[PDB]
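What follows is a set of notes on a single structure, which appears directly below.
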Amino acid sequence: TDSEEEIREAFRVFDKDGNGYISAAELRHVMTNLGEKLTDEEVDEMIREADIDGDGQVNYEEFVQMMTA
Amino acid sequence: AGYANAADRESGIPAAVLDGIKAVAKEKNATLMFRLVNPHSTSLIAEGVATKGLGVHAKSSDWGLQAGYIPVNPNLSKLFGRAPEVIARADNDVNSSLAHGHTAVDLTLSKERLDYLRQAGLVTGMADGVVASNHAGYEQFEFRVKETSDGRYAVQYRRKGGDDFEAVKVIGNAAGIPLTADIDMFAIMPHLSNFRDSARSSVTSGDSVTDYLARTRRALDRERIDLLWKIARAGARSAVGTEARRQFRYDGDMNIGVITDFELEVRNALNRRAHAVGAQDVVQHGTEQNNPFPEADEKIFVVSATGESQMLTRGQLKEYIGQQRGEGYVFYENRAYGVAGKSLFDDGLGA
Ligand SMILES: [Ca+2]
Ligand SMILES: [Ca+2]
């Protein structure tokens with residue numbers, strides 16, 4: 001069970017730009033640096049699966065769920 | 001190349017060691033950041049003098065022939081005209097270190113540092129060995145040097161008007177080599193792709209996701225999307241060393257502090273290059289990002305994964321991190337910057 005601060009350092013790896021949201025473009029850049037070429041449909045699918053509230057991005061609280069799994 | 005600009009020469013890192021620094025940074029694809037090295041140590045590190053670890057809390061010296069070394073006599077140290085308590089807390093410190101593998105050795109200089117000392121004015125002159133100086137210390141202490149058959153010069157001292165000269169004593173290796181300040185790393189920003197393998201062995205069995213589901217399944221992907229989030233999690237987690245940062249690492253019997261698997265992989269690659277030139281280990285511990293007593297040192301030396309080098313004010317430092325974070329270089333900050341109002345991030349920073 002990671003701590004709030006541990007989970008926030010990890011959040012920053014994904015959230016490359018300023019804002020506190022992981023967008024589709026940010027997640028794709030992450031997934032291929034970790035060696036997985038993905039199609040846009042596949043990115044969308046990862047976002048979707050995490051995107052509890054439906055805006056089209058992953059916020060801190062959604063990232064926590066995607067982390068506790 | 002040596003030194004390619006002003007920042008390089010201002011860093012205080014000896015030319016041949018910085019070359020490896022630049023090289024390790026490209027080889028491992030990571031921005032390496034450092035605290036300025038006091039110029040009085042530069043030369044000592046270059047000719048193989050030893051570098052101290054977190055064990056030593058003894059105060060170093062910045063004057064006289066003992067400049068750059070860490071004097072056993074706390075008064076020959078920078079804490080010179082300080083007083084009872086200080087000079088006194090100073091004693092344990094010195095004594096503190098010799099309890100654990102550190103030896104006290106006779107201070108002897110190379111002819112070169114001798115040149116350097118007088119060239120920098122730390123030593124305004126000498127009879128042929130009764131060296132002089134205008135530091136406040138010379139009105140309370142007397143000095144002189146003695147050549148030996150090795151080429152070195154023994155440093156002896158005495159107290160004004162008191163009587164006999166004794167060599168000056170300085171802390172060193174268990175292996176007997178004396179110590180000088182170590183190169184402090186401000187922070188290490190690795191490119192996310194350095195963690196591919198690492199995520200793979202945590203989650204796959206070291207294989208690509210496609211090869212793993214092929215190897216364990218059988219001819220919407222819910223299972224597949226799962227695995228992908230799992231590698232993303234794992235990757236972020238080693239990049240930023242979540243687990244590693246919960247403990248202390250050690251190098252033989254010396255405590256290296258809190259450091260991530262990558263940060264030390266970097267330490268070893270640097271200490272290597274260092275040995276390839278004539279130096280001893282120069283990075284003895286982790287980064288400033290896990291220092292529990294953080295320094296507000298205010299000019300940081302930066303060496304990019306591209307090899308370019310530069311000096312940054314704490315302000316141009318945020319801009320840099322942000323630029324680089326945009327290129328995939330990862331960064332995490334000292335946990336105590338926030339509560340103190342000195343965070344390098346301009347985001348939520350909350351829950
Ligand atoms: Ca974002
Ligand atoms: Ca959302």
Side-chain angles (χ1 to χ4, degrees), chain A residues 9 12, chain B residues 5-14 17-18 20-26 28-39 41-42 45 51-54 180-191 194 239-241 244-245 249 256-271 273-274 281-325 327 329-338 340-346:
Chain A
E9 303 168 320
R12 296 179 161 131
Chain B
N5 48 232
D8 281 342
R9 295 135 179 309
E10 306 189 332
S11 74
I13 287 154
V17 160
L18 211 191
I21 303 234
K22 290 201 206 184
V24 157
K26 306 214 275 316
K28 295 201 72 36
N29 194 187
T31 274
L32 302 183
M33 303 184 182
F34 304 80
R35 289 189 76 229
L36 293 175
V37 166
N38 188 309
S41 292
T42 312
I45 287 176
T51 280
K52 71 172 135 85
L54 307 168
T180 183
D182 83 305
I183 298 192
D184 290 321
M185 292 190 80
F186 182 78
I188 296 194
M189 279 175 64
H191 185 78
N194 271 295
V240 117
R245 289 216 278 137
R249 287 301 299 275
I256 298 302
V258 165
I259 180 180
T260 82
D261 303 340
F262 195 87
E263 298 180 331
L264 133 83
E265 269 179 29
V266 170
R267 163 164 176 282
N268 295 334
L270 299 169
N271 286 338
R273 296 313 276 273
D281 275 352
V282 292
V283 190
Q284 298 288 212
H285 67 248
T287 260
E288 191 60 6
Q289 295 316 118
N290 285 286
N291 183 175
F293 313 94
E295 317 289 343
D297 34 329
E298 116 157 29
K299 205 122 88 150
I300 258 63
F301 178 61
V302 176
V303 169
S304 272
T306 56
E308 302 160 276
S309 62
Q310 81 198 298
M311 284 306 189
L312 305 184
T313 75
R314 209 225 164 45
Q316 323 150 286
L317 176 58
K318 314 193 40 182
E319 286 158 26
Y320 186 93
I321 310 202
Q323 250 133 203
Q324 296 296 285
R325 277 227 291 164
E327 286 160 355
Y329 288 94
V330 164
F331 180 69
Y332 69 81
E333 68 180 9
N334 194 284
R335 283 165 188 175
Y337 282 174
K342 323 297 157 48
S343 165
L344 300 164
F345 291 89
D346 243 293

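Excluded from the calculations below are hydrogen atoms, water molecules and symmetry mates; all remaining heavy atoms, backbone and side chain alike, are included. Chain letters run A, B, ... following the sequence lines, proteins first and then strands; every chain starts at 1.
With hydrogens and angles disregarded, no donor-acceptor distance shorter than 3.5 Å links the side chain of B:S304 to the backbone of B:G307.
Residues meeting the ring pair (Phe, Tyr, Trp, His ring centres under 6.0 Å) test with B:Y320, sequence neighbours left out: none. Here B:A269 pairs with B:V24, B:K28 under the side chain to side chain contact (heavy atoms under 4.5 Å, CB included) rule; sequence neighbours left out. Judged as a side chain to side chain contact (heavy atoms under 4.5 Å, CB included), and not counting sequence neighbours, the contacts of B:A181 are B:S41. With sequence neighbours excluded, no residue forms a ring pair (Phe, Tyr, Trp, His ring centres under 6.0 Å) with B:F34. Partners of B:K26 under the side chain to side chain contact (heavy atoms under 4.5 Å, CB included) rule, at least two apart in sequence or in another chain, do not exist in this structure. Listed by chain and number, the residues in a side chain to side chain contact (heavy atoms under 4.5 Å, CB included) with B:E308 are B:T306 (sequence neighbours excluded).
Between B:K22 and B:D8, at least one side-chain nitrogen of the basic residue sits less than 4.0 Å from a carboxylate oxygen of the acidic one, meeting the salt-bridge criterion. Salt bridge status for B:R35 with B:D297: present, with a side-chain N to carboxylate O gap under 4.0 Å. Note on A:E9 versus B:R245: salt bridge recorded, some NZ/NE/NH1/NH2 to OD/OE distance being below 4.0 Å.
Surrounding CZ of B:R335 are more than 12 heavy atoms belonging to other residues, nucleotides or ligands, all under 6.0 Å away. The environment of B:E298 atom CD is sparse: at most 12 non-hydrogen atoms of other residues, nucleotides or ligands sit within 6.0 angstrom.
A side-chain contact (heavy atoms from CB on, under 4.5 Å) with B:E263 holds for exactly one of B:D261, B:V266, B:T260; it is B:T260.
No donor-acceptor contact under 3.5 angstrom links the side chains of B:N291 and B:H285, judged on distance only. B:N194 and B:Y329 share no donor-acceptor pair across their side chains, judged by distance under 3.5 Å alone.
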Could you go through the side chain to side chain contact (heavy atoms under 4.5 Å, CB included) check for B:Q289 and B:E333 one step at a time?
-> CA-CA 6 Å; B:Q289 295 316 118; B:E333 68 180 9; 3.5 Å; yes

Could you please spell out the steps behind the side chain to side chain contact (heavy atoms under 4.5 Å, CB included) verdict for B:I188 and B:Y332?
-> CA-CA 9 Å; B:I188 296 194; B:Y332 69 81; over 6 Å; no

